[PDB]
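*Asks:* Structure for this input, please:
(one chain, ligands or ions: 1)
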Amino acid sequence: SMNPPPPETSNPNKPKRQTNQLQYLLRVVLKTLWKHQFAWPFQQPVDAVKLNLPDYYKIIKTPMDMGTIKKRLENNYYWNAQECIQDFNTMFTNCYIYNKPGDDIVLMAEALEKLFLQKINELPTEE
Ligand SMILES: Cc1nnc2ccc(-c3cnn(C)c3Oc3ccccc3)nn12
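*Replies:* Residues are numbered from 1 along each chain as shown. Please find the structure below.
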């Protein structure tokens with residue numbers, strides 16, 4: 001039932017880069033999904049206490065959310081685009097693992113994932 005510490009958004013010894021693909025992931029991918037009508041549940045880590053989901057963190061061992069992704073992109077935490085893409089995929093997968101098909105939260109994740117795939121399809125080549 002307690003909430004774990006949120007995923008790491010700062011790590012000075014972790015190598016980082018600012019590239020055109022990571023810039024695209026913030027400016028295009030991370031803005032398009034953030035502004036969506038169904039973004040709200042995914043804008044911060046899941047609060048297992050407030051949401052009365054005591055089982056959440058016993059099932060979801062790799063939690064992820066757009067709030068964490070936002071901070072990671074803004075504070076230049078990533079080395080490459082694949083690390084960021086993996087975070088988005090982890091967020092959607094966690095939602096599908098914890099919930100059942102047709103659930104409101106699953107429908108919300110599906111709408112965001114559709115857009116995510118549309119935008120990632122246009123990921124620019126590395127400069
Ligand atoms: C379940 C479940 N599985 N992953 C997640 C991630 C976030 C949230 C979340 C955030 N705020 N509130 C009130 C939440 O609950 C719901 C429940 C149904 C629809 C919308 C939100 N729920 N959630």
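*Asks:* Please list the residues of the chain that sit near the ligand.
*Replies:* Residues of the chain lying close to the ligand by Cβ under 6 Å from any ligand atom are 41, 46, 51, 95, 98, 99, 104, 105. The C-beta positions use only the backbone N, C-alpha and C, and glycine is treated the same way.
*Asks:* and if we set it to 8 Å?
*Replies:* Contact residues, the chain versus the ligand (Cβ under 8 Å from any ligand atom): 40-42, 44, 46-47, 50-51, 53, 56, 65, 94-95, 98-99, 103-105, 108-109.
*Asks:* Can I get the buried part of those residues as one PyMOL selection?
*Replies:* Buried subset of the residues of the chain next to the ligand, written as a PyMOL selection, criterion 16 or more other Cβ atoms under 10 Å:
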select buried, resi 41+42+46+53+56+65+94+95+98+108+109
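*Asks:* what's near enough to touch residue 92?
*Replies:* Residue 92 sits next to 109, 112, 113, 116 when contact means Cβ atoms under 8 Å, 6 or more residues apart in numbering.
*Asks:* again with residue 75
*Replies:* For residue 75, the contact set (Cβ under 8 Å, 6+ apart) comprises 9, 10.
*Asks:* what's it sitting at in phi/psi?
*Replies:* Main-chain dihedrals, residue 75, degrees, to the nearest 10: phi -90, psi 20.
*Asks:* What of residue 99?
*Replies:* Main-chain torsions, residue 99, degrees, to the nearest 10: phi -100, psi 180.
*Asks:* if we can go back for a sec, redo the contacts of residue 92 as a markdown table? Include secondary structure.
*Replies:* Converted to a markdown table, the contacts of residue 92 look like this (DSSP: H, G, I helix; E, B strand; the rest coil):
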| residue | secondary structure |
| --- | --- |
| 109 | helix |
| 112 | helix |
| 113 | helix |
| 116 | helix |
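*Asks:* ok, so what distance separates residue 51 from residue 64?
*Replies:* Noted for residue 51: a distance of 16 Å to residue 64, by Cβ to Cβ, to the nearest Å.
*Asks:* Residue 47 too?
*Replies:* According to Cβ to Cβ, residue 47 and residue 64 sit 14 Å apart.
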